[PDB]
Structure formats: structure tokens, C-alpha cells
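Peer 1: Those protein sequence lines, which keep their order, are chains A, B, C, D and E. The entry's author numbering puts the first residue of the first sequence at 51, with every later residue one more than the last. The entry's author numbering puts the first residue of the second sequence at 884, with every later residue one more than the last. The entry's author numbering puts the first residue of the third sequence at 737, with every later residue one more than the last. Take the fourth sequence: its letters are residues 541 to 562, 572 to 589, numbered as in the entry's author numbering. Take the fifth sequence: its letters are residues 180 to 205, 241 to 1275, numbered as in the entry's author numbering.
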Amino acid sequence: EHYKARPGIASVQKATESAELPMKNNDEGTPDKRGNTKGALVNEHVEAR
Amino acid sequence: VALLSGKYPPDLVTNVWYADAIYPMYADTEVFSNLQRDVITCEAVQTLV
Amino acid sequence: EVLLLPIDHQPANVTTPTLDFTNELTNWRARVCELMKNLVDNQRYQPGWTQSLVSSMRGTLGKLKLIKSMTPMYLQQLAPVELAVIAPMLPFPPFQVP
Amino acid sequence: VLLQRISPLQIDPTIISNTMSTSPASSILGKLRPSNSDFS
Amino acid sequence: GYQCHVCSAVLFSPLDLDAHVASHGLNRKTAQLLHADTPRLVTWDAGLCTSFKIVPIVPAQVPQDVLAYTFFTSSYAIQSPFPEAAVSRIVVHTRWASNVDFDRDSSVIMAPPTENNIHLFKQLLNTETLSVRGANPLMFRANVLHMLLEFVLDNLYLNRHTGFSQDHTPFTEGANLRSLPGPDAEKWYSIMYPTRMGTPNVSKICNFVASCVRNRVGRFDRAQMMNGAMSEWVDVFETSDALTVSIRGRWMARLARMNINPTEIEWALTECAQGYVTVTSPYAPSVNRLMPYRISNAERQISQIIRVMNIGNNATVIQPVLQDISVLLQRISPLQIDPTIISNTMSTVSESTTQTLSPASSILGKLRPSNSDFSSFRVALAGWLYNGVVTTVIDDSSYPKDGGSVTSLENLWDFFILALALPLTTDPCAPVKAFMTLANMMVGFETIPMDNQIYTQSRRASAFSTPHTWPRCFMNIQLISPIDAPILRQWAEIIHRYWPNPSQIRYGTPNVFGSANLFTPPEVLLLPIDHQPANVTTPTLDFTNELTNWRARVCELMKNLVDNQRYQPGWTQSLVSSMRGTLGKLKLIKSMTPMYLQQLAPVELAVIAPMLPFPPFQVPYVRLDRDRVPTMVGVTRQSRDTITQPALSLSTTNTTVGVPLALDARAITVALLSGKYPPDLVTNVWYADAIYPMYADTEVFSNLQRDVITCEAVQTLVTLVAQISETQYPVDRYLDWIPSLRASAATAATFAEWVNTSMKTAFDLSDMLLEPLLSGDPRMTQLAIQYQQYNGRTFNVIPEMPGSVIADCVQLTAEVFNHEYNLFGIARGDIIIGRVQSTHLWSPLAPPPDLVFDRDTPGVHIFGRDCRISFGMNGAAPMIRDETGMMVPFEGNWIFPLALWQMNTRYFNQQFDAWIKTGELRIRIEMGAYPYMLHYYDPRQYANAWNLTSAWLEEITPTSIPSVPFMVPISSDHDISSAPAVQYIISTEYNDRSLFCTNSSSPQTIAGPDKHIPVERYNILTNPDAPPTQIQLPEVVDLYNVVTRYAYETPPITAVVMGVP
Ligand SMILES: [Zn+2]
């Protein structure tokens, strides 16, 4: 083990582990198995704020 | 202030720094799984419509 | 096979001088400092300054114009290379509008 | 985060202080605050 | 506090008790601007001037059996000039044979080549190298440059004369042999004189010395000037080498250019005193002093520009200088302020008690005569020397609150306080403020046309600070109509008519000193006020100068103001009488301050102005011409992208320098109105007593010594940076063959700081030098200065760069290194990692040309940036991709660049090392320069190189290589047996130059690499037709020369030049 990594493998890989993460799901507004639209009851613009 | 300041290390060679920064990043690739998921995302649309 | 950028890019070398005005960001910093020097120069637009701050203001603008900084050298040479390396490996590949 | 971990650029704000070496000159050192290291 | 002991009286609070006893009785820039460090120029060396020693490596076989022990001169303890050994190298140790008084903490110390010298090449830019034996082959050039700079900055000494003998022995008859001091000297007389030893033998040293010449030994020249004193300089034949003899010779010439005699010190100090202080110099034959103090004017100008760049604005660096000059004027000036003059002359003013104003008593509450007038008046006088940097202005607070009105008596006096103080400032916008204060006193009473709605009449007069704000009604007096503004018309005429005139006083002694001023001619100063010379030496009161005219005309304007029909009936008649009486009283007040400032203060300024740590810096005092008002002054330190010419890249690259400064107009007015003399003084006795004690200082000479180091360091920096990066100045480059990295900004900025530290340590400097040159980009450096008038007419000064012997000697040592690379532990060329197994005894630093190959050799495959390796399936051989698209097996001759191995070191080790050992293929790895390490094996036994070469090949890292090992056979004298030896790493070119002599006591060398003692070095002995003062400098080093040895002495200047008190 003569050569050590100049940016550092343990530093680059720990950021690539969270670049690997997929996009968070957005579920509200869509119906469930019964038929009810899931999510909270709120004004849409108040929710977007 | 990030524009007005900032410097390189006083010993960098780009063919060392980038060859050492690319490899752990590509070692945690997920492109072959994303390309394998996009076919299913494309294929669900016909079975919906 | 294109990646739209709002900055001009040049091929990468590290031996380019820090005070080239071919680099458009360094040119932009220089022109803003020259415009502010013309703004301060003749003491109109600033009545009520009791002392003569024109020499000191012009000197501290000249230092900020002639500061050494490798960030405008970086953004046109090595930042688009790193963006082009990173971009096809992203989980949400880039969505650009011209 | 990943651009900061890959990039060679070391952003330290002390170049401004070494250039100024301290009025209008100290006012920009008040406005820029080079005691900070938050560059997100 | 208890009790005094004169009378038994008890008190409290010892602030009372000490008065009771008296009644019984009666950062960095501030430091460097005043007390800059003094460099150590002159340093003596009583030892012999060499830097190359001869170290033995392997011992000779003194108890051998082929030849008896009585053959050897080691059996008799005979001291020899060269170490007897089987193999002896020459290595580099600066000052192994020296004896100095003040060491320079910089030296090049090398181990012998059997040990490891990698710590001299991993020193500079290797902060990310893991192993303690590896160094980056991209920083070899910067490492070698820093080693050469250390090598010169060590050897900058002077040769010292010690003493001599006469040889009583018949060795070298009648010669005068040097005796160098130290703990012993017996081991030195063989090393110094190789030709002194007798020659009984057919040993190689005795073949040499018997071949040498005889009459060139010891001392052969001297300059004996006096009986019973030192000889001045001698010439000795002794062991030295031409390179450090050349360095110390050029340094001796550089110091001898600066020399001054005791007579010109007298001629300089007499003119600097301008006749008041007379010093003397002896008139006799003397002994050859050395006083290095004369420098050219270009060095003074460059050191002036760097100080002005230090006093880029900062507002506090130059304030202690003005404080120091005020305190210095205190100890000289015979003018003393007397605040009782005004309190006397305002007593007898006739006025009524029934009035409620008292104009004679309002002005004493305005003035408040106190003690601190001096330290606000002499700062205003000291600011006349520094027009270019300091712009002294009247305080913001000394103006009235709302502008005031002329009906206000207190504002009427507050105008009078400013009208006297404003001619003594140094801002160019003083007369417009003097006009605008009265135009603020009169709003509504009478009006004049202005320029805009912004800078109208009712603006505060402090704001008119630039030439653009000067109103058209002031610059053209006809616009003020005398019908409805007669007092402003009259005050404008008084300003345009009776404002003082600039002049010139001629300080300076440009013979010994150098005129450090720019923007002016040398030997001249510029004053704001006109001056006359003193005719009589018994001074007495008169009323004829510009300051008394200026005091009179303001009072007469105020009398014409109180004599106004629009203004007089608002006041009572006794009050008008008292105000007019106070003005007529205040016209003719006796004060010696105007006559002082006219005709006796510029003499003090011209006397003081050379004896000064920060020499003056002025732009021309223009009186009222708006065309030539200086609006800026700017210095540069770098250029733009392309322009290599300062006259073109100066106007767009500068830093504006200059800071304002506040003053007290009330204190200046009190100091002007109240000044008296000693009651019967004579103004030559006063000055011959006062100026005398401060002319035994040496700071005015030591700053001239300092400016040499300041000017030569920037030239050494701009020379040494140009090797590793491109610049604008034309230099030669001798070290392109050593591989270097591609220089960014941070590489040059780091390398320049290491050069700064290597100067600052070696010349005994504790403060900071060339730091503003380090703040910017140090690649493209230039030094220039300019100032600009109002109309855009710019006056630039670009001082030339005189040559620096430090950079001259660094380039000389580079030229010598180009032929003596083998001495500093570097080989030139590249290596071959084939397999050679034979019983031959050729040395791998000088291989036979059968084994090497090149790009021109046919059938040789060349590998570049492309490496694709196909594996060998089903018994077929694996292949690698040629540069020209071919696939070749693992045979033949290959050529690699070193970086190709470095980027793929572990993948190449597992593929290639099994084939280099037992198969056949050769790999020529090219790098240009590499450090080498040696291993001496015995040629009668088996040897193998694999445990060394595999250990070298495994440790190649993408950022470092270790030093390259070799295996050299030990050259025995007598007949030996033969054994197989397996060599792997051979060199390409000749690298066996550091070898000195083989077996050194035997008659010959039968088997092994041999060489005799190099005749081409010892030219002066072996060539009878050569002149003694001959060097062959770029090719050889010659190891034995004539050297001059001085016996000068360096006394302080007050120990030679004495002044009569
Ligand atoms: Zn007492």
C-alpha cells in the first residue's frame, strides 16, 4: 500500500453513495386500492408553501 | 467571495487528480440499473393507455 | 450529445495566466471595477463626503481588479469537464431548456 | 457535495485579507465576512 | 504616600508628595518603515575555499599477500594528499574545510553515493509523497534550482589572510606555507599542498606528484605597503576549486564597487549639513579600509517604489513617520510658541461694559491658547515632504455647524481662524475651500451663480475636495458681479492675487548617497510657500512676506465687511468701534512664525531631509492651475496577458496610492499668530550646536546597505521563476533536460516564498522583504510608477534593473551543473532493464554500446499513450498494442515513457516482471534525470540484482519513484578469479565522472574499472606552459587554483571620520 488516493476514495465514495439515491416519491393526490385519494386535506397553494 | 478567491493545490497534475477522482465515482455506478428500469417505465405506459 | 452551459469554455491547461482578459469572467470583473472607478472618480454623485475618499476608493478597487484568483480560470476549463463526467451517471439525467 | 469532493478548487477567503492588509477598504472586509467558510 | 524627608511633613496621594519634594529641591509595516533590519554583507573565511571533497568508498587491501606490506606508504603513517582506498569518489559538501565568523543557515551536504541522497530532491514541493525514500520526478527541476540557490548563498564569503611560515624541511624549498587557524592544523598541510609529499613509490599518487611541477606552491605575491603592518592581499597556490573561487571573486568585485574613502564621507556630510557641521578626515597613507556604501540611483528608485507600495493607503502606517519628524523638528527649531502674546495684545482693546458681545473676548474663547499647538503645527510642516502619499486636510470639525452667517460674531471669527490655516495645508483644493467658507457665511445676504443644483452655494465647504467641483464663478472671477456681491468679488481677487507661490530648496548629496526621489529632478525639494535665504545672523522682526500679507488682507476684508451699509446699522457704534479696533490690533501682532516659515525653516527641512528612514516622495505643488492638479498616483507589480512592455501595460494595471490626513486649524492658527525667538540668539551658533549630535548615526548608511538586498532579491526571483515558467524577460535556460511539471499559479507562488525564505535566512533578516511582490502573481513582474494630471497627461517612471551578482552566480552554477551533473548525484539520460549475465567487469555507469538501443534502432517497438493488453487464451502469448496499431508479444526491445509505467504500475508489475527475470525483453524507460544509488560487490563471488531491481520496480508510485540502484564491481589490483554476475539496470550515457582514482596505492589496476588521478583537473601542476591564473570553467572544475586572500578591515564610520564639537 504505497500509493494513497489524492482526492481520497473514502471521501469520493461517501458522496457518490448519496448521489446514487433515487428521487423521493410524490404520492399525494393519487387513489389507493379502495378509491380514496390519499394525502392531507389542505389548500393546494398553502401546501406548496 | 468564492469568485474572488480560490486556488489550486501547488502540485496538481490533472491526469493524476482526475484519474483518481473518476474511478471511485464510476465504481459506484448505477447506469446499468437505470437503463434497465427505464424500459419498464416505458412499457407500463402502453399497458396503461 | 450536447450540454448547454451559460458560460464559454476553453480547452484545459494549468499554465494559463491569471490575468488574461480573454477570459470573459475576468473581463467582466475588470469592466465592473472600471465602471465603479468612473463612478467614484470626480466626486459628483457623492455630495456630503467631507473627506476625499476618491484615492482610497480607487485603490481598493484596483486591488480587487488585480486580485489573483483561479476561479475564473477554473470555471471555463475544468468545471465543464467535471460536469460532463458526472452527468451521464446521475439518477435523474439533466433536463435543460436553451 | 460531490462537486466539492471532486473539484481541485480550494476556496479560502484569506486571499482577500492578504491583499487588503488593513474607510472604504475595511468596509468591504465587513461586507464579505472572510471569517466564514460556508460556500454551499 | 506617607511623609517626605526634608521637613517631617506627612501627606497623602504621592502625586502630591513628588511635587512637594520638587518644591524642596528647586505592527510590521510600522516597524519596517522606521527600524528596518541591517543585512550582514561582509563575512570573512579563514579556511580554504572549497566545496568538493574526496571521500573514500571501499578500503584498499593493505595486508595483501601478492605484494608485501613494506611497499605501501600506509605502513609508515605517511600523510597523503588523497585518501588511499580501492575506490574513491568525489562528493559535494560546502564548507567542510572552512572557518567563518557568521554562518549562513544554508548548505548543500551530500552523503557518499553508497548512501541515499533522496532527501535533497524531495525537499521542495513534495508534501503528498507517502514513502520516506521516494520523490516526484516532476519536481526535480525546482529541487535542483533550490539546491543551486542554497549552494551560492552559502559560498558568498570573503577570503581571509591569516599568516605564513617558511618550510625548514627540504620539501618544496623556501616556500611560504599558509597556516589556517582551528583546533589542529597538522592534518591540513597534506590536503592543502599535494606537491609537498615525497615520491618514493610507483603508487598512483606518487606517479602523480612526481609528474607535477615544483615551483608553484605556497605564497608567491604580496602587497606589503607598510613596515610592521599586515600585507594587504596575497596570492597562494593551494587546494581550492574554480567554481567557489569564481563566486567569491565576483562577490569581492561586487563589494569593491561600493567602496568609499574617508574623504568623500567628509565631503558628503559637509554638504548634508550645508556648512553648519564640519567633520574631518585624515591626510596620511592608510590601510585599505572596506566600506561598502555607494549604490546607483536605480536601486534607490526601486526601493522607493516598494516602500510606496507598502504604504498603499492603510491610513496608519505613515502617521508615526510624521510624528517622528515633528519630534525631530522639536530638538532643532529655535522658534518657540508664546501663547501670552495674544492674551497680552487683546487686553488693551477699548470696549464698553454695557455691550453684550465683547469681540476682543470672544476670540480668546475661540482660540483657547494651550500646549498642543506644536504637535499639530509640525505635522503640517512634516507633511510637505510627502505630497505624493499624504494629503493633509483641515479637520471636518473645524468648520461651523450650519455654515453660519456674517451677522454671527462667533462665526465671523471662525472664518478668520480658517483663513490663516488653509495656506499651510497640502491638499490642492485649499483655495476653493477658502472661498466657499465665506460663500457659506453669506447666503441670502448676497448670492453668486453655481454649477448645478447638487453643489450649490449652501453646500458645506468640506465637500469640495476634487478639481471637478471647482465652480465656474471661482475659476472665472468676472461672473461674481460687484454690484450685488462686492465682498465675494474682493475675496476672490485676494485669493487669486495673494495666494503663496511654490519654490525649491536643493537638499541632498548625490555623490555618496543616491537621490531616491522620482517625479522630480535629483537634489531638489518642492515647497508650498516661497522662501528667502537668511542674510543676517542676528534676526529681528519685519513685516515683509506672504504670510504677513495674508494676515493683513483677511483683516482688511473683515474691516470692509463691517464697513458695509447693508451690515453696519445692525450693530451699536461702540461695538463697531471695538471690532474695528480689534482688527487693527490683530493686523500688526508681533509673531516670528511667518518670518521663520519664510526664511529659516526650509534650511531645517533641507538639513533634515537626507537623514531620514523614509526618503521623501513629492508631486509638484501647483498653485491654482486646475489643468495640472494631480488626481492620482499609481504603482504596478505585474502585467496583462500578452504585453511584455511596461510603457504599454502600465496605464491599465496600477494600484492608486494615497491617504488623506486631518489637522487642527485652530492649533495651526495659534501657532501662526504666536511665535517668538530666544531673546538674543544667533542663527549659526544655534544650528552648529543643535545639528551636531545627530550626525554620528549609521542608519542613513545602513538603509543604503539594505536597498542592495531589496533590489537584488527581486532580480534573483525574476531570474529563478523564468526557469520553471514562461516570463517576459530574456534569460538562458540550461536545465530543460531535467523533467519538470507544468507550472500553475500556486507552484510559482510557493517557489517564490521558498526563495524569499532562503534570502531572508541567509542575509540575517528578521523582517519581511519582497512580500508585496508575493501578494500578486510572481510570474510576470514589473516595477513602475506614474501620476496623472487633470487633463489626462501622465508622467511615468520605469526604472531599469541593474544586474545582481547572485543571479549571475546562480546562472554560472547552472552552466557548470550542465557538465558536472554527476557530482550532485544525478545521472543524465535513461536506463535499460534487460538481463545481462556475464563474467565481464564493465561498470554499469559506462556500458558498452552493444547493449543499448534507441528510437533510431530498427526493430524496436515504441509505446506511447495507448496501452491495450489482450490476454493469451489457450497457450497463445498475451499481446500489447503498439503505437502504430500493432499487437506484439512480450519479446524484443521496448521504449516506455516513465509516466506510462507510473499510471499503470500494479497492472504492469503482474504482467511484465515474470518475463524480465527469466525470459528476454528489454525496456528502455526514459526520464531524463534520476538520482542513483550504488552497491559495490566483490567480483570473485556470485551476485544477483533481482532483489534490488524488483524492489525498485515495486515502489514506483504515480507520484514518486525511489532512487535507482546499480551494481559496480570492486576493482582489485592483483590477479583475481572470475565469477558470474547478473546485471539488470544499466545506464545509457557515461555517468562515471564522479570516480576519482582506483586503488590509489598499488602500481596499477589489472582487473576492474580503473582511472588514474585526473590530469585535466590539476592543470596548473601538469601543464608547464599554462599561466597560473587560468580556469577552465564550464568543462572542468580543476581542484587546485591560485586564490587572492585579503586582509582589509571594516571599521564604523564614526571611528574614522570625526567631527569637531
Ligand atoms: Zn519636607
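All C-beta atoms in this analysis are idealised placements derived from N, C-alpha and C, irrespective of residue type, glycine included.
Mind checking if residue 544/D is an interface residue toward chain B, Cβ cutoff 8 Å exclusive?
Peer 2: Here residue 544/D refers to the residue found at position 4 when the fourth sequence is read from its first residue. With 8 Å as the cut-off, residue 544/D does not count as an interface residue toward chain B.
Peer 1: I'd like to know if the segment 405-418 of chain E and the segment 383-395 of chain E are in contact, where contact means that at least 3 CB-CB pairs between them fall below 8 Å.
Peer 2: Result yes; three or more Cβ-Cβ pairs closer than 8 Å.
Peer 1: Who are the near neighbours of residue 1259/E in its chain, counting only those whose CB is closer than 7 Å to its CB and skipping five residues on each side?
Peer 2: Here residue 1259/E refers to the residue found at position 1045 when the fifth sequence is read from its first residue. Closer than 7 Å at the Cβ level, and outside the excluded window around residue 1259/E, lie 373, 374, 375, 447, 448 and 450.
Peer 1: Below 7 Å CB to CB, which residues in the same chain sit around residue 716/E once its five sequence neighbours on both sides are set aside?
Peer 2: As a first step, residue 716/E is located in the fifth sequence; it is residue number 502 there, counting from the start. Cβ neighbours of residue 716/E beyond the five flanking positions: 740, 741, 742, 835 and 837.
Peer 1: Any C-beta of chain B sitting closer than 8 Å to the C-beta of residue 56/A?
Peer 2: As a first step, residue 56/A is located in the first sequence; it is residue number 6 there, counting from the start. Output row for residue 56/A: interface = yes.
Peer 1: By Cβ distance below 6 Å, which residues in the same chain neighbour residue 552/E in space, the five residues on each side in sequence not counted?
Peer 2: Stepping through the fifth sequence from its first residue, residue 552/E is reached at position 338. 888 and 890, listed in sequence order.
Peer 1: For residue 646/E, does the three-state DSSP call read helix, strand or coil?
Peer 2: Position 432 of the fifth sequence, counting from 1, holds the residue named residue 646/E. Three-state DSSP puts residue 646/E in a helix.
Peer 1: At the 8 Å Cβ level, is residue 988/E part of the contact set with chain B, yes or no?
Peer 2: Here residue 988/E corresponds to residue number 774 of the fifth sequence, with the count starting at 1. With 8 Å as the cut-off, residue 988/E does not count as an interface residue toward chain B.
Peer 1: Chain A partners of residue 827/C, CB-CB under 9 Å?
Peer 2: In the third sequence, the residue the question calls residue 827/C occupies position 91. Neighbours of residue 827/C on chain A, chain order: 69, 70, 71, 72 and 73.
Peer 1: Which residues in chain B sit within 7 Å of residue 821/C, going by Cβ to Cβ distance?
Peer 2: To locate residue 821/C, count along the third sequence from 1; it is residue 85. Those within 7 Å of residue 821/C in chain B are 905.
Peer 1: What is the DSSP secondary structure of residue 870/E, reduced to helix, strand or coil?
Peer 2: Working through the fifth sequence from its first residue, we reach residue 870/E at position 656. If DSSP states are grouped into helix, strand and coil, residue 870/E belongs with the strands.
Peer 1: I'd like to know if residue 559/D contacts chain C, where contact means its C-beta is closer than 8 Å to some C-beta of that chain.
Peer 2: Position 19 of the fourth sequence holds residue 559/D. With 8 Å as the cut-off, residue 559/D counts as an interface residue toward chain C.
Peer 1: Just to confirm, does residue 486/E get its C-beta within under 7 Å of one of the non-hydrogen atoms of ligand 1?
Peer 2: To locate residue 486/E, count along the fifth sequence from 1; it is residue 272. Every heavy atom of ligand 1 is 7 Å or more from the Cβ of residue 486/E, so no.
Peer 1: What do you reckon, are the CB atoms on residue 1115/E and residue 1122/E nearer than 8 Å?
Peer 2: If you number the fifth sequence from 1, residue 1115/E lands on position 901. If you number the fifth sequence from 1, residue 1122/E lands on position 908. Closer than 8 Å, so yes.
Peer 1: Can you pull every residue whose C-beta falls closer than 6 Å to some heavy atom of ligand 1, listed in chain order?
Peer 2: Result: 183/E, 185/E, 186/E, 188/E and 203/E.
Peer 1: With residue 796/E and residue 573/E assumed to form a contact (beta carbons below 8 Å), what rounded beta-carbon distance in angstroms separates them?
Peer 2: For this step, residue 796/E is matched to residue 582 along the fifth sequence. For this step, residue 573/E is matched to residue 359 along the fifth sequence. Contact holds; Cβ gap of about 5 Å.
Peer 1: Kindly identify the DSSP beta-bridge partner or partners of residue 852/E.
Peer 2: Locating residue 852/E in the fifth sequence gives position 638, counting from the first residue. Answer is 995/E, bridged to residue 852/E.
Peer 1: Would you say the segment 1021-1037 of chain E touches the segment 1075-1093 of chain E, given that touching needs at least three Cβ pairs under 8 Å?
Peer 2: Counting Cβ pairs under 8 Å, fewer than three are found: no touch.
Peer 1: When DSSP labels each residue in this structure, what does residue 1211/E get in the three-state scheme?
Peer 2: If you number the fifth sequence from 1, residue 1211/E lands on position 997. Strand.
Peer 1: What do you get for residue 440/E, buried or exposed, if any count of 16 or more other CB atoms within 10 angstroms of its CB means buried?
Peer 2: For the purposes of this step, residue 440/E is taken as the residue at position 226 of the fifth sequence. Classification of residue 440/E: exposed, given that the 10 Å Cβ count is below 16.
Peer 1: Comparing C-alpha positions only, which one of 1178/E, 1159/E and 1044/E sits nearest to residue 1140/E?
Peer 2: Translated into the one-based positions of the fifth sequence, residue 1140/E becomes position 926. Comparing Cα positions, the closest option is 1044/E.
Peer 1: Within the continuous beta strand (DSSP E) that includes residue 1107/E, where are the two ends?
Peer 2: On the fifth sequence, residue 1107/E is found 893 positions in, with the first residue counted as 1. Run containing residue 1107/E: 1107-1111, per the beta strand (DSSP E) assignment.
Peer 1: Take the Cβ of residue 249/E as the centre, count every other Cβ of all protein chains shown within 10 Å, and call the residue buried at 16 or more, exposed below.
Peer 2: In the fifth sequence, counting from the first residue as 1, residue 249/E sits at position 35. Exposed, because fewer than 16 other Cβ atoms sit within 10 Å of the Cβ of residue 249/E.
Peer 1: Give me the chain B residues within the contact set of residue 552/D, using Cβ-Cβ distance strictly less than 8 Å, ordered along the chain.
Peer 2: Stepping through the fourth sequence from its first residue, residue 552/D is reached at position 12. The contacting residues are 888, 889 and 890.
Peer 1: Whose C-alpha, out of 1215/E, 1050/E and 980/E, is nearest the C-alpha of residue 1160/E?
Peer 2: As a working note, residue 1160/E is residue 946 in the fifth sequence. It is 1050/E whose Cα lies nearest to the Cα of residue 1160/E.
Peer 1: Once you ignore the five residues that flank residue 1029/E on each side, which residues in its own chain have a CB closer than 7 Å to its CB?
Peer 2: Reading the fifth sequence from its first residue, position 815 is the one you call residue 1029/E. These residues qualify, in order along the chain: 948 and 1248.
Peer 1: Residues of the segment 741-771 of chain C with a CB closer than 8 Å to any CB of chain E: list them in chain order, please.
Peer 2: Within the segment 741-771 of chain C, the residues whose Cβ lies closer than 8 Å to some Cβ of chain E are 749, 750, 751, 753, 754, 755, 756, 757 and 758, listed in chain order.
Peer 1: Should residue 752/E and residue 899/E be called a contact, given that it needs their Cβ atoms to be closer than 8 Å?
Peer 2: Numbered from 1 along the fifth sequence, position 538 holds the residue referred to as residue 752/E. Numbered from 1 along the fifth sequence, position 685 holds the residue referred to as residue 899/E. Against a cut-off of 8 Å, the Cβ pair of residue 899/E and residue 752/E comes out as no contact.
Peer 1: For chain B, is any of its Cβ atoms less than 8 Å away from the one on residue 793/C?
Peer 2: On the third sequence, position 57 is the one that residue 793/C refers to. Chain B, which has no Cβ nearer than 8 Å to the Cβ of residue 793/C, makes this no.
Peer 1: Using 8 Å as the limit for Cβ to Cβ distance, is residue 549/D near chain B?
Peer 2: Reading the fourth sequence from its first residue, position 9 is the one you call residue 549/D. Closer than 8 Å to some Cβ of chain B, the Cβ of residue 549/D qualifies, so yes.
Peer 1: Would you list the one or two residues that DSSP bridges to residue 473/E?
Peer 2: Taking the first residue of the fifth sequence as position 1, residue 473/E is located at position 259. Its beta-bridge partners are 506/E.
Peer 1: Report yes or no: do the segment 565-581 of chain E and the segment 783-797 of chain E share at least 3 C-beta pairs separated by less than 8 Å?
Peer 2: At 8 Å Cβ cutoff, the stretches touch.
Peer 1: Within this structure, are the beta carbons of residue 1155/E and residue 1181/E separated by less than 8 Å?
Peer 2: Within the fifth sequence, numbered from 1, the residue matching residue 1155/E stands at position 941. Within the fifth sequence, numbered from 1, the residue matching residue 1181/E stands at position 967. Not a contact, by the Cβ cut-off of 8 Å.
Peer 1: DSSP state of residue 815/E, grouped into three classes?
Peer 2: By 1-based counting over the fifth sequence, the position of residue 815/E is 601. Helix, per DSSP.
Peer 1: Show which residues of chain B have a CB atom less than 8 Å away from the CB atom of residue 805/C.
Peer 2: As a working mapping, residue 805/C is identified with position 69 in the third sequence. Neighbours of residue 805/C on chain B, chain order: 886, 887, 888, 889 and 890.
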